Amino acid sequence: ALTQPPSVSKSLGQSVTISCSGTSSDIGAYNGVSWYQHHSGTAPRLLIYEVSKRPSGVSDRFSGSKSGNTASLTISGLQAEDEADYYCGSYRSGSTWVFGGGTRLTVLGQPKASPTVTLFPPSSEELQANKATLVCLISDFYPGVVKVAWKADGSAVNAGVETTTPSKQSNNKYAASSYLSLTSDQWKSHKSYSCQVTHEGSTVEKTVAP
Amino acid sequence: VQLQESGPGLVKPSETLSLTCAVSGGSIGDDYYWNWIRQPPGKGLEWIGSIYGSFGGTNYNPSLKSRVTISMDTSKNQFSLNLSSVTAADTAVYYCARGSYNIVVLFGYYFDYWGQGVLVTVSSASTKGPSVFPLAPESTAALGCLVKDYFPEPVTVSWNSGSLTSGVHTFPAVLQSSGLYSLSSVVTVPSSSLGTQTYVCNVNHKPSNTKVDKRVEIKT
């Protein structure tokens with residue numbers, strides 16, 4: 001296919017170049033390499049076309065070039081926004097179209113942010129169906145790694161826990177959520193339940209009670 | 001100029017995946033390439049094929065060619081994708097995209113306008129509609145809705161029929177060991193507004209026709 005580095009890691013403010021190695025039947029047969037940016041939740045976004053042209057709306061910071069069968073995307077002045085997957089692609093003689101394998105760009109040096117934690121008890125109507133789901137919502141943290149601990153009357157709860165992989169919010173911090181699935185009997189059998197979120201060595205805890 | 005994918009969000013293994021793209025703000029019969037592109041969640045973009053608007057000729061990804069059909073309909077202004085004998089490898093967000101160009105023999109073409117994408121899950125698992133539970137509620141208070149145990153993705157949530165957007169946070173779904181999804185949506189509101197303003201989450205899980213507007217009130 002078209003070959004890209006799988007990962008590139010840089011720091012805020014710095015510049016990065018992503019390569020894209022094809023063949024003389026695509027990148028070296030046309031001036032027709034394009035580049036796409038992809039964030040989760042949005043269609044891919046066209047950044048560069050005809051090797052180096054920018055469509056309106058794409059910043060000055062993005063540029064493209066090629067040399068022989070390898071195309072290159074350079075992004076200058078890296079911001080938190082630029083963290084995304086980047087794909088090159090090209091028409092291929094004489095009839096098909098091929099994407100590069102993609103490059104995950106990580107931008108380091110972003111500000112640390114501690115999570116906010118919101119914990120809800122089960123609803124009345126769920127309880128009436130003899131179930132009880134506790135919902136621990138975790139938001140506005142960076143970097144995107146947390147450890148969640150559930151407790152019942154101060155004792156550790158391992159069963160019934162499911163926790164999401166963190167994903168980026170629009171404000172470029174992370175969110176995640178943790179669900180403790182119990183029966184209503186279980187819920188009523190304790191004085192309280194706690195959700196404890198540990199982020200970079202610091203812990204934020206919330207408690208609910210029947 | 002706009003494109004919009006539609007089709008079933010769930011297809012059983014070995015069956016045929018079908019999708020349609022509705023194009024607005026331009027004739028499909030014009031000198032454009034009309035393309036199908038997909039992306040399995042967590043994996044790379046893959047061109048499926050194209051149909052050329054002016055003459056109707058098709059070109060397909062060689063690794064898919066035997067299973068792929070692309071058609072177009074000049075009236076309705078649509079083109080569509082048929083992908084036969086699917087497997088879990090075919091689970092992906094499917095996009096339609098316009099391919100524009102200058103000269104092609106010198107420049108090939110590129111995708112300038114894209115649809116929003118439609119997730120298609122290939123699975124033999126049953127569709128299952130969620131239960132929708134209120135998450136009942138200081139100067140400020142968080143309240144929400146739990147959308148519990150559904151399949152497949154996605155579910156949409158808005159608040160007060162789309163008039164309340166400030167302070168809304170809808171969380172990505174958890175996938176439980178059961179194979180069922182759950183998600184929550186929360187809005188933070190002034191506490192003084194409670195008892196005055198009504199808060200309703202508008203939940204839609206189209207595969208199961210679960211369409212619920214749930215009022216969220218402080219527990220009594």
Side-chain angles (χ1 to χ4, degrees), chain A residues 1 4 26 29-36 38 40-46 48-51 53 55 85 87 89-102 118 120-126 129 131 133 135 137-140 162-167 169 175-179 181, chain B residues 3 33 35 37 39 41 43-47 49-50 57 59-62 93 95 97 99-102 104-117 131-137 142-146 148-149 169 171-178 182-184 186 188 216 219-220:
Chain A
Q4 309 181 218
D26 33 82
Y30 312 99
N31 296 285
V33 64
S34 51
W35 290 89
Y36 305 83
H38 180 238
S40 298
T42 6
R45 173 198 176 194
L46 175 74
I48 296 286
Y49 69 96
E50 288 175 31
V51 182
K53 291 191 177 66
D85 298 329
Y87 297 87
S90 181
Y91 180 69
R92 174 174 281 183
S93 24
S95 37
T96 52
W97 211 97
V98 53
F99 282 98
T118 311
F120 294 100
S123 71
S124 269
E125 219 182 316
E126 184 182 31
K131 300 303 188 61
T133 307
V135 183
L137 306 162
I138 317 161
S139 58
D140 293 331
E162 295 280 0
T163 305
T164 65
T165 299
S167 57
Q169 299 158 174
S177 55
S178 190
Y179 291 76
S181 297
Chain B
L3 295 73
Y33 293 79
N35 298 265
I37 292 152
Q39 184 167 34
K43 298 178 190 177
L45 296 172
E46 176 177 52
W47 181 77
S50 72
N59 293 279
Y60 302 127
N61 184 319
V93 178
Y95 299 95
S100 64
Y101 61 91
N102 185 16
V104 181
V105 300
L106 301 178
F107 302 108
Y109 56 90
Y110 62 96
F111 314 118
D112 49 14
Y113 287 94
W114 297 64
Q116 52 171 35
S131 294
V132 178
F133 295 120
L135 299 177
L143 57 88
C145 290
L146 170 60
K148 182 191 169 187
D149 286 340
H169 194 339
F171 285 70
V174 73
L175 176 53
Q176 306 214 149
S177 57
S178 71
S182 295
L183 70 67
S184 302
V186 177
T188 66
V216 183
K219 168 109 204 317
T220 168

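Each chain gets a letter, A, B and so on, in the order its sequence line appears, and its residues count up from 1. Just so it is clear, the values below take in all heavy atoms, side chains as well, and ignore hydrogens, waters and symmetry mates.
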Could you tell me which portion of [X] (side chain, backbone, both or neither) has an atom closer than 4.5 angstrom to a non-hydrogen atom of chain B?
| X | result |
| --- | --- |
| A:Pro44 | both |
| A:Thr118 | side chain |
| A:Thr42 | backbone |
| A:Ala1 | neither |
| A:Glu50 | side chain |
| A:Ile138 | backbone |
| A:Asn31 | both |

First locate atom [atom1] of [X], then atom [atom2] of [Y], and finally report the distance between them rounded to the nearest 0.5 Å.
| X | Y | atom1 | atom2 | value |
| --- | --- | --- | --- | --- |
| A:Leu137 | B:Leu135 | CG | CG | 7.5 Å |
| A:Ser181 | B:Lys148 | OG | NZ | 7.0 Å |
| B:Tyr60 | A:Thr96 | OH | OG1 | 13.5 Å |
| A:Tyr30 | B:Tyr109 | OH | OH | 10.5 Å |
| A:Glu126 | B:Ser131 | CD | OG | 8.0 Å |

Contacting moiety of B:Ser184, where chain A heavy atoms sit under 4.5 Å = both

inquiry  = What part of B:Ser182 gets within 4.5 angstrom of chain A, counting heavy atoms only: side chain, backbone, both, or neither?
reply    = both

request  = For chain A, find which of B:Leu183, B:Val93, B:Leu175 contributes the most heavy-atom pairs closer than 4.5 angstrom.
outcome  = B:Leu183

inquiry  = Pair B:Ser100, A:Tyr49 - check side-chain contact (heavy atoms from CB on, under 4.5 Å), show working.
reply    = CA-CA 10 Å; B:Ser100 64; A:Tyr49 69 96; over 6 Å; no

task = Show the numbers, then the answer: is there a side-chain contact (heavy atoms from CB on, under 4.5 Å) between B:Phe133 and A:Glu125?
result = CA-CA 7 Å; B:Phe133 295 120; A:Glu125 219 182 316; 4.2 Å; yes

query = Can A:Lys53 and B:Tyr110 be said to form a side-chain contact (heavy atoms from CB on, under 4.5 Å), step by step?
reply = CA-CA 11 Å; A:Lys53 291 191 177 66; B:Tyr110 62 96; over 6 Å; no

ask   = Checking side-chain contact (heavy atoms from CB on, under 4.5 Å) for the pair A:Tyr91/B:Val104: CA distance, chi angles, key distance, verdict?
value = CA-CA 9 Å; A:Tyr91 180 69; B:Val104 181; 4.1 Å; yes

message = For a 4.5 angstrom cut-off between non-hydrogen side-chain atoms, does A:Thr133 reach B:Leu146?
response = yes

query = Tell me, do A:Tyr87 and B:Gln39 make a side-chain contact under 4.5 Å, heavy atoms counted?
reply = yes

Full working for ring pair (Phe, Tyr, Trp, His ring centres under 6.0 Å) between B:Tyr33 and A:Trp97 = CA-CA 11 Å; B:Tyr33 293 79; A:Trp97 211 97; over 10 Å; no

Check: B:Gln116 side chain, A:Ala43 main-chain N or O, donor-acceptor pair, under 3.5 Å = no

